[PDB]
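Shown next: target-v1.pdb, given as PDB, C-alpha atoms.
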```pdb
ATOM      1  CA  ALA A   1       0.000   0.000   0.000
ATOM      2  CA  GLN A   2       0.986   3.654   0.008
ATOM      3  CA  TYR A   3       0.686   3.960   3.791
ATOM      4  CA  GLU A   4       2.166   0.900   5.539
ATOM      5  CA  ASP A   5       2.238  -0.152   9.161
ATOM      6  CA  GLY A   6       5.871   0.085  10.179
ATOM      7  CA  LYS A   7       6.504   2.807   7.599
ATOM      8  CA  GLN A   8       4.824   6.204   8.161
ATOM      9  CA  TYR A   9       3.389   4.902  11.366
ATOM     10  CA  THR A  10       3.507   1.976  13.747
ATOM     11  CA  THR A  11       0.595   0.306  15.469
ATOM     12  CA  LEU A  12       0.316  -0.082  19.215
ATOM     13  CA  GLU A  13      -0.010  -3.769  20.035
ATOM     14  CA  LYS A  14      -1.584  -2.511  23.259
ATOM     15  CA  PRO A  15      -4.144   0.068  22.033
ATOM     16  CA  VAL A  16      -5.273   2.698  24.530
ATOM     17  CA  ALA A  17      -9.019   3.177  24.992
ATOM     18  CA  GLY A  18     -10.614   6.553  25.725
ATOM     19  CA  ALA A  19      -7.499   8.267  24.382
ATOM     20  CA  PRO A  20      -7.554  11.786  22.853
ATOM     21  CA  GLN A  21      -8.024  11.750  19.059
ATOM     22  CA  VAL A  22      -4.758  13.502  18.215
ATOM     23  CA  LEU A  23      -2.293  13.317  21.112
ATOM     24  CA  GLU A  24       1.087  14.973  20.857
ATOM     25  CA  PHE A  25       3.982  14.633  23.369
ATOM     26  CA  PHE A  26       6.942  16.981  23.699
ATOM     27  CA  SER A  27       9.623  18.300  26.060
ATOM     28  CA  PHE A  28      11.071  21.794  26.139
ATOM     29  CA  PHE A  29      14.461  20.001  26.435
ATOM     30  CA  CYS A  30      13.825  18.014  23.223
ATOM     31  CA  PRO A  31      15.778  19.294  20.169
ATOM     32  CA  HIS A  32      13.445  17.926  17.451
ATOM     33  CA  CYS A  33      10.564  19.347  19.461
ATOM     34  CA  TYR A  34      12.079  22.791  19.100
ATOM     35  CA  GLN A  35      12.221  22.309  15.318
ATOM     36  CA  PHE A  36       8.647  20.901  15.335
ATOM     37  CA  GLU A  37       7.477  24.112  16.988
ATOM     38  CA  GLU A  38       9.647  26.901  15.535
ATOM     39  CA  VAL A  39      10.701  25.683  12.115
ATOM     40  CA  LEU A  40       8.167  23.074  10.991
ATOM     41  CA  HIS A  41       5.017  24.191  12.827
ATOM     42  CA  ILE A  42       3.836  20.564  12.851
ATOM     43  CA  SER A  43       0.931  21.019  15.241
ATOM     44  CA  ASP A  44      -0.458  23.857  13.208
ATOM     45  CA  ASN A  45      -0.115  22.100   9.855
ATOM     46  CA  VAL A  46      -1.781  18.979  11.236
ATOM     47  CA  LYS A  47      -4.769  21.101  12.434
ATOM     48  CA  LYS A  48      -5.171  22.617   8.980
ATOM     49  CA  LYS A  49      -5.691  19.172   7.472
ATOM     50  CA  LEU A  50      -7.952  17.713  10.142
ATOM     51  CA  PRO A  51     -11.659  18.438  10.184
ATOM     52  CA  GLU A  52     -12.999  21.284  12.305
ATOM     53  CA  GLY A  53     -14.014  20.038  15.733
ATOM     54  CA  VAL A  54     -11.321  17.394  15.950
ATOM     55  CA  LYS A  55      -9.581  18.115  19.197
ATOM     56  CA  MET A  56      -5.849  18.153  19.437
ATOM     57  CA  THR A  57      -4.013  17.547  22.679
ATOM     58  CA  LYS A  58      -0.427  18.390  23.558
ATOM     59  CA  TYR A  59       1.297  17.221  26.727
ATOM     60  CA  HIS A  60       4.741  17.774  28.248
ATOM     61  CA  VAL A  61       6.873  14.894  29.601
ATOM     62  CA  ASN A  62       9.056  14.324  32.660
ATOM     63  CA  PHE A  63      11.828  12.049  31.373
ATOM     64  CA  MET A  64      14.058  14.819  30.027
ATOM     65  CA  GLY A  65      15.908  17.385  32.085
ATOM     66  CA  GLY A  66      15.455  15.932  35.558
ATOM     67  CA  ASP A  67      14.140  18.327  38.167
ATOM     68  CA  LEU A  68      13.579  21.170  35.714
ATOM     69  CA  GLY A  69      11.837  18.700  33.415
ATOM     70  CA  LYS A  70       9.143  18.105  36.048
ATOM     71  CA  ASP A  71       8.843  21.822  36.731
ATOM     72  CA  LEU A  72       8.178  22.308  33.031
ATOM     73  CA  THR A  73       5.444  19.657  33.082
ATOM     74  CA  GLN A  74       3.794  21.561  35.943
ATOM     75  CA  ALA A  75       4.267  24.877  34.069
ATOM     76  CA  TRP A  76       2.678  23.392  30.966
ATOM     77  CA  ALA A  77      -0.263  22.375  33.193
ATOM     78  CA  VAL A  78      -0.444  26.024  34.312
ATOM     79  CA  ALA A  79      -0.329  27.093  30.663
ATOM     80  CA  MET A  80      -3.188  24.713  29.737
ATOM     81  CA  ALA A  81      -5.286  25.749  32.730
ATOM     82  CA  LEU A  82      -4.927  29.453  31.892
ATOM     83  CA  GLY A  83      -5.163  28.934  28.159
ATOM     84  CA  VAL A  84      -1.853  30.659  27.515
ATOM     85  CA  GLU A  85      -0.022  27.921  25.575
ATOM     86  CA  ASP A  86       0.441  30.053  22.514
ATOM     87  CA  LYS A  87       2.033  32.785  24.582
ATOM     88  CA  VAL A  88       4.640  30.777  26.462
ATOM     89  CA  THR A  89       5.648  27.979  24.087
ATOM     90  CA  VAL A  90       8.197  29.916  22.118
ATOM     91  CA  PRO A  91       9.919  31.729  25.053
ATOM     92  CA  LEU A  92      10.061  28.465  27.014
ATOM     93  CA  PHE A  93      11.715  26.678  24.086
ATOM     94  CA  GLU A  94      14.165  29.548  23.559
ATOM     95  CA  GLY A  95      14.841  29.966  27.267
ATOM     96  CA  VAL A  96      15.767  26.296  27.610
ATOM     97  CA  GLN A  97      17.563  25.596  24.287
ATOM     98  CA  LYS A  98      18.660  28.898  22.700
ATOM     99  CA  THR A  99      19.513  31.445  25.421
ATOM    100  CA  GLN A 100      19.721  28.913  28.266
ATOM    101  CA  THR A 101      18.306  31.431  30.671
ATOM    102  CA  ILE A 102      15.844  28.945  32.194
ATOM    103  CA  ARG A 103      17.530  27.181  35.099
ATOM    104  CA  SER A 104      14.926  27.138  37.855
ATOM    105  CA  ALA A 105      11.212  27.242  38.560
ATOM    106  CA  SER A 106      11.633  30.995  39.151
ATOM    107  CA  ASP A 107      13.047  31.394  35.637
ATOM    108  CA  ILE A 108      10.085  29.538  34.166
ATOM    109  CA  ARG A 109       7.794  31.851  36.113
ATOM    110  CA  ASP A 110       9.608  34.885  34.654
ATOM    111  CA  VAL A 111       8.653  33.724  31.151
ATOM    112  CA  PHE A 112       4.967  33.778  32.159
ATOM    113  CA  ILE A 113       5.279  37.239  33.808
ATOM    114  CA  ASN A 114       6.979  38.640  30.738
ATOM    115  CA  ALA A 115       4.161  37.170  28.649
ATOM    116  CA  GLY A 116       1.716  39.160  30.755
ATOM    117  CA  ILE A 117       0.269  36.570  33.127
ATOM    118  CA  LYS A 118       0.029  38.195  36.542
ATOM    119  CA  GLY A 119       2.136  36.883  39.411
ATOM    120  CA  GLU A 120      -0.869  36.282  41.654
ATOM    121  CA  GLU A 121      -2.585  34.312  38.900
ATOM    122  CA  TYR A 122       0.487  32.247  38.024
ATOM    123  CA  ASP A 123       1.266  31.317  41.633
ATOM    124  CA  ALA A 124      -2.348  30.472  42.376
ATOM    125  CA  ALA A 125      -2.597  28.214  39.319
ATOM    126  CA  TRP A 126       0.805  26.636  40.100
ATOM    127  CA  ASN A 127      -0.390  25.585  43.567
ATOM    128  CA  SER A 128      -3.939  24.623  42.536
ATOM    129  CA  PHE A 129      -5.373  21.058  42.494
ATOM    130  CA  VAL A 130      -6.757  21.672  39.036
ATOM    131  CA  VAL A 131      -3.153  21.957  37.908
ATOM    132  CA  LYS A 132      -2.208  18.928  40.008
ATOM    133  CA  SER A 133      -4.820  16.849  38.166
ATOM    134  CA  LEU A 134      -3.644  18.298  34.854
ATOM    135  CA  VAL A 135      -0.104  17.136  35.718
ATOM    136  CA  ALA A 136      -1.615  13.717  36.576
ATOM    137  CA  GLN A 137      -3.316  13.584  33.154
ATOM    138  CA  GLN A 138      -0.044  14.302  31.315
ATOM    139  CA  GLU A 139       1.795  11.609  33.236
ATOM    140  CA  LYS A 140      -1.022   9.090  32.810
ATOM    141  CA  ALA A 141      -1.246   9.633  29.037
ATOM    142  CA  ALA A 142       2.524   9.083  28.584
ATOM    143  CA  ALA A 143       2.497   6.019  30.836
ATOM    144  CA  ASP A 144      -0.381   4.474  28.885
ATOM    145  CA  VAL A 145       1.720   4.306  25.718
ATOM    146  CA  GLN A 146       4.951   3.489  27.523
ATOM    147  CA  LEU A 147       6.532   6.644  26.131
ATOM    148  CA  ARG A 148      10.336   6.674  25.928
ATOM    149  CA  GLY A 149      10.999   9.375  23.336
ATOM    150  CA  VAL A 150       9.732  12.697  22.003
ATOM    151  CA  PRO A 151       8.419  14.276  19.819
ATOM    152  CA  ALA A 152       5.598  11.753  19.552
ATOM    153  CA  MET A 153       2.139  11.775  18.126
ATOM    154  CA  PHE A 154      -0.591   9.186  18.647
ATOM    155  CA  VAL A 155      -3.854   8.954  16.728
ATOM    156  CA  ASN A 156      -6.952   7.539  18.475
ATOM    157  CA  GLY A 157      -4.693   5.820  20.963
ATOM    158  CA  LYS A 158      -3.791   3.187  18.436
ATOM    159  CA  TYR A 159      -1.342   4.581  15.834
ATOM    160  CA  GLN A 160       1.995   6.298  16.360
ATOM    161  CA  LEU A 161       3.539   8.614  13.771
ATOM    162  CA  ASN A 162       6.906   7.449  12.452
ATOM    163  CA  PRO A 163       8.725  10.521  11.062
ATOM    164  CA  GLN A 164      11.964   8.543  10.607
ATOM    165  CA  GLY A 165      10.218   7.009   7.603
ATOM    166  CA  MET A 166       9.543  10.263   5.702
ATOM    167  CA  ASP A 167      11.865  12.205   3.326
ATOM    168  CA  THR A 168      13.769  15.045   5.029
ATOM    169  CA  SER A 169      15.540  16.687   2.108
ATOM    170  CA  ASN A 170      12.767  19.247   1.886
ATOM    171  CA  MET A 171      11.246  20.630   5.118
ATOM    172  CA  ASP A 172       7.899  21.562   3.547
ATOM    173  CA  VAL A 173       7.505  18.122   1.958
ATOM    174  CA  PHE A 174       8.233  16.502   5.334
ATOM    175  CA  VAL A 175       5.555  18.527   7.125
ATOM    176  CA  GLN A 176       2.833  17.684   4.572
ATOM    177  CA  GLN A 177       3.705  13.998   4.559
ATOM    178  CA  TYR A 178       3.460  14.069   8.313
ATOM    179  CA  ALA A 179       0.145  15.966   8.283
ATOM    180  CA  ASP A 180      -1.347  13.843   5.470
ATOM    181  CA  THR A 181      -0.368  10.762   7.447
ATOM    182  CA  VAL A 182      -2.222  12.051  10.487
ATOM    183  CA  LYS A 183      -5.311  12.716   8.315
ATOM    184  CA  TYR A 184      -5.105   9.197   6.859
ATOM    185  CA  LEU A 185      -4.809   7.600  10.315
ATOM    186  CA  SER A 186      -7.622   9.821  11.515
ATOM    187  CA  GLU A 187      -9.883   8.468   8.725
ATOM    188  CA  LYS A 188      -8.764   4.861   9.289
TER
END
```
What does this structure look like when you write it as structure tokens?
Amino acid sequence: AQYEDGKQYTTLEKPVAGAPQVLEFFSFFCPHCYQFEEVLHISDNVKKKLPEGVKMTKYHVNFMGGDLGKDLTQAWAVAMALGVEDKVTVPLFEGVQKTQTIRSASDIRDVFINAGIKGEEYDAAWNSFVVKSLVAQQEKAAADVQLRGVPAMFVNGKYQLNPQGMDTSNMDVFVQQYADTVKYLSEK
């Protein structure tokens, strides 16, 4: 076929029920994740080829960057709770990987302040049990698919994108292959 199991995607031999339709995992410490966000705009190009109404989920992971890795998972929970993902994603990526000015939870917090989230509102979210359950959800979703590397995308809890099996000579061609594959899996 044109799309083959083990080629553009792999199948989970242990499918995950009740899973989000399009589930993406990343880490702010993850170098391909930086590219996926800043250079390729994967998430956005996938959305543009999915129907309207199809919900897309993106979660942070703990297994990179030790203590600061976990802080970032909690900060992403804050971002999701406040709906400010599109305001902090880029400065968090650049703070960790480009300027390397993010070295503590206080430095993460600074990114949110600079993006215009008020201190009171950030600290309250950070310490809230809504955010605690949002952290729980991120951990549970990664554990369900026994996640050991990022970036990762899962469709309907049963297919996993395999970007290693796409051409990378052209960046634009790579992104559309990736997006078209998601659409195909979506329709499967």
If we count only C-alpha atoms and set the cut-off at 10 Å, which residues sit around residue A:58, ignoring sequence neighbours fewer than 5 positions away in its own chain? Please answer as a compact mmCIF listing (two decimals) with C-alpha atoms, in the coordinates of the input.
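part-v1.txt, freshly written:
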```
# COMPACT_ATOMS: atom_id res chain seq x y z
CA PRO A 20 -7.55 11.79 22.85
CA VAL A 22 -4.76 13.50 18.22
CA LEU A 23 -2.29 13.32 21.11
CA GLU A 24 1.09 14.97 20.86
CA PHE A 25 3.98 14.63 23.37
CA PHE A 26 6.94 16.98 23.70
CA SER A 43 0.93 21.02 15.24
CA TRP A 76 2.68 23.39 30.97
CA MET A 80 -3.19 24.71 29.74
CA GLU A 85 -0.02 27.92 25.58
CA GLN A 138 -0.04 14.30 31.32
CA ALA A 152 5.60 11.75 19.55
CA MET A 153 2.14 11.78 18.13
```
Original post:
Leaving out stretch 123-134 of chain A and any residue of its chain fewer than 4 positions from it, which residues lie within 7 Å of it when counting all atoms listed in the file, given as a VMD selection string?
Top reply: chain A and resid 77 to 78 81 119 138
Original post:
Using all atoms listed in the file, can you list as a PyMOL selection string the residues within 12 Å of (1.8, 8.9, 29.5)?
Top reply: chain A and resi 16+19-20+23-26+58-63+73+135-150+152-154+157
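Shortest atom-to-atom contact with residue A:36 among A:95, A:163, A:83, A:18: A:163, counting all atoms listed in the file.
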Tell me, as a tab-separated table (two decimals) with C-alpha atoms, in the frame of the given file, which residues lie within 7 Å of residue A:11, counting only C-alpha atoms; anything in the same chain fewer than 4 positions away does not count.
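This is the output file around_9.tsv:
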```
chain	number	residue	atom	x	y	z
A	5	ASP	CA	2.24	-0.15	9.16
A	158	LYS	CA	-3.79	3.19	18.44
A	159	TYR	CA	-1.34	4.58	15.83
A	160	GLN	CA	2.00	6.30	16.36
```
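In this comparison, which uses all atoms listed in the file, the residue of A:46, A:64, A:17, A:33 approaching residue A:94 most closely is A:33.
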Using only the atoms of stretch 55-66 of chain A listed in the file, plus 3 Å on each side, state the axis-aligned box centre and edge lengths in Å rounded to one decimal, as JSON.
```
{"center_x": 3.2, "center_y": 15.2, "center_z": 27.4, "size_x": 31.5, "size_y": 12.3, "size_z": 22.4}
```
Original post:
Could you pull the residues within 12 Å of residue A:174, counting all atoms listed in the file, minus those fewer than 6 positions along the same chain, as a list in words?
Top reply: residues 8, 36, 39, 40, 41, 42, 45, 46, 162, 163, 164, 165, 166, 167, 168, 180 and 181 of chain A
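Comparing A:118, A:188, A:48, A:70 by their smallest distance to residue A:104, the closest is A:70 (using only C-alpha atoms).
For the atom pair formed by atom CA of residue A:96 and atom CA of residue A:47, the distance is 26.1 Å, given to one decimal.
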**OP:** Please evaluate the PyMOL selection byres ((chain A and resi 112) around 12) against the structure above and give the resulting residues as a PyMOL selection string.
**Re:** chain A and resi 72+75-76+78-79+82-92+95+102+105-111+113-123+125-126
Next, write the just-selected residues to a file, as a compact mmCIF listing (two decimals), in the coordinates of the input, keeping C-alpha atoms as the atom set.
```
# COMPACT_ATOMS: atom_id res chain seq x y z
CA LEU A 72 8.18 22.31 33.03
CA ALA A 75 4.27 24.88 34.07
CA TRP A 76 2.68 23.39 30.97
CA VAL A 78 -0.44 26.02 34.31
CA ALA A 79 -0.33 27.09 30.66
CA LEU A 82 -4.93 29.45 31.89
CA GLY A 83 -5.16 28.93 28.16
CA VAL A 84 -1.85 30.66 27.52
CA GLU A 85 -0.02 27.92 25.58
CA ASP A 86 0.44 30.05 22.51
CA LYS A 87 2.03 32.78 24.58
CA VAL A 88 4.64 30.78 26.46
CA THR A 89 5.65 27.98 24.09
CA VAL A 90 8.20 29.92 22.12
CA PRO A 91 9.92 31.73 25.05
CA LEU A 92 10.06 28.46 27.01
CA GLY A 95 14.84 29.97 27.27
CA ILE A 102 15.84 28.94 32.19
CA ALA A 105 11.21 27.24 38.56
CA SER A 106 11.63 31.00 39.15
CA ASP A 107 13.05 31.39 35.64
CA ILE A 108 10.09 29.54 34.17
CA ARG A 109 7.79 31.85 36.11
CA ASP A 110 9.61 34.88 34.65
CA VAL A 111 8.65 33.72 31.15
CA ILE A 113 5.28 37.24 33.81
CA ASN A 114 6.98 38.64 30.74
CA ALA A 115 4.16 37.17 28.65
CA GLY A 116 1.72 39.16 30.76
CA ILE A 117 0.27 36.57 33.13
CA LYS A 118 0.03 38.20 36.54
CA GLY A 119 2.14 36.88 39.41
CA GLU A 120 -0.87 36.28 41.65
CA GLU A 121 -2.58 34.31 38.90
CA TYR A 122 0.49 32.25 38.02
CA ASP A 123 1.27 31.32 41.63
CA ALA A 125 -2.60 28.21 39.32
CA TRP A 126 0.80 26.64 40.10
```
**OP:** Could you tell me how far atom CA of residue A:27 lies from atom CA of residue A:97, in Å and to one decimal?
**Re:** 10.9 Å
Subject >> Atom-to-atom span, atom CA of residue A:32 and atom CA of residue A:44, Å >> reply: 15.7 Å
Original post:
In terms of the shortest atom-to-atom distance over all atoms listed in the file, which of A:38, A:103, A:51, A:21 is closest to residue A:155?
Top reply: A:21
